[PDB]
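S.K.: Return a 3D structure for these sequence lines:
(one chain, ligands or ions: 1)
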Amino acid sequence: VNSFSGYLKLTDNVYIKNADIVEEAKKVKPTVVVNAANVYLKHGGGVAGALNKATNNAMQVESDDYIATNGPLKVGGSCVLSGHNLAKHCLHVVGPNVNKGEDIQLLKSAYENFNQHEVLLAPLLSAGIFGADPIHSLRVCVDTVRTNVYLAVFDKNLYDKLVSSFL
Ligand SMILES: Nc1nc2ccccc2c(=O)[nH]1
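M.R.: Residues are numbered from 1 along each chain as shown. Shown next is the protein structure:
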């Protein structure tokens, strides 16, 4: 048993809810929250901008030190950093950004990072301002992630479409 409430069960291991991931993280304080990161860990908008704002920019300060030491992530890659006031850890995962012309086949590689963690609170990778079809992102999630993932879908309208179209 875990602290996640009000989720619809899609599969053995994947759950979904219409919720703001920031407000969900603040309430649950999960072991892992996933950020929809870019390779530079520049948290300007969407999940990354909203999560970073909720940390009072401490996520960005930590991220800048990480990049200064290690250089950029790979598209499809990840790093584990602090969760600040939102979670124990933040798993920064880089899905392909369609609005930059990145290979959508890298979405499966992105979701494979989740398998290194037993339980996660996450957004749909490559959705929103990353430009991919969220229905596709949910299919790749279900077909790739084997650990227990709690998906927060910010947009009410999209949530209802994801559930009502789910195979
Ligand atoms: N507060 C906030 N929450 C989000 C959750 C998912 C995607 C985007 C966002 C966003 O842009 N702002």
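
S.K.: Next to the ligand, which bits of the protein? Give me the list.
M.R.: Residues of the chain lying close to the ligand (CB under 6 Å from any ligand atom) are 20, 21, 22, 46, 47, 50, 123, 128, 154. For the C-beta atoms, the positions are set from N, CA and C on the backbone; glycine is no exception.

S.K.: Out of these, which two sit at the greatest distance?
M.R.: Put simply, by CB to CB the two of the residues of the chain next to the ligand set farthest apart are 22 and 128, 13.5 Å from each other.

S.K.: which parts of the longest helix seen in the chain are buried?
M.R.: What stands out as the longest helix in the chain, according to DSSP state H, is helix 58-70. Under the neighbour-count criterion of 16 or more other CB atoms under 10 Å, helix 58-70 has 59, 60, 62, 63, 66 buried.

S.K.: ok, so of those residues, who is nearest residue 163?
M.R.: Residue 163 lies nearest to residue 59 out of the buried residues of helix 58-70, by CB to CB, at 30.1 Å.

S.K.: what sits against the closest one?
M.R.: 35, 43, 51, 52, 81, 82, 84, 90 (CB atoms under 8 Å, 6 or more residues apart in numbering).

S.K.: which non-adjacent residue is nearest it?
M.R.: residue 52 (4.4 Å; CB to CB, 6 or more residues apart in numbering).

S.K.: For that neighbour, I want the exact helix or strand it lies within.
M.R.: For residue 52, the element it lies in under DSSP states H and E is helix 46-54.

S.K.: and the angle from that helix to helix 58-70?
M.R.: 110 degrees (axes from the mean of the first three to the mean of the last three CA atoms, to 10 degrees).

S.K.: Helix 46-54: how far from the chain's middle?
M.R.: Put simply, helix 46-54 sits 11 Å off its chain's centre (CA atoms, centre = their mean, to the nearest Å).

S.K.: buried set for that helix?
M.R.: Those would be 46, 47, 48, 49, 50, 51, 52, 54, for helix 46-54 by 16+ other CB under 10 Å.

S.K.: Residue 87 is in contact with the last one, correct?
M.R.: Think residue 54. No: Residue 54 lies out of contact with residue 87 (CB atoms under 8 Å); the separation is 10.7 Å.

S.K.: Spit out the contact partners of residue 63.
M.R.: By CB under 8 Å, 6+ apart, residue 63 lies in contact with 41, 42, 43, 81, 92.

S.K.: Which of the residues you listed fall in helices?
M.R.: Going by DSSP H, the helices hold none of the contacts of residue 63.

S.K.: out of those, which one sits closest to the ligand?
M.R.: When the contacts of residue 63 are ranked by distance to the ligand (CB to the nearest ligand atom), residue 43 comes first, at 11.1 Å.
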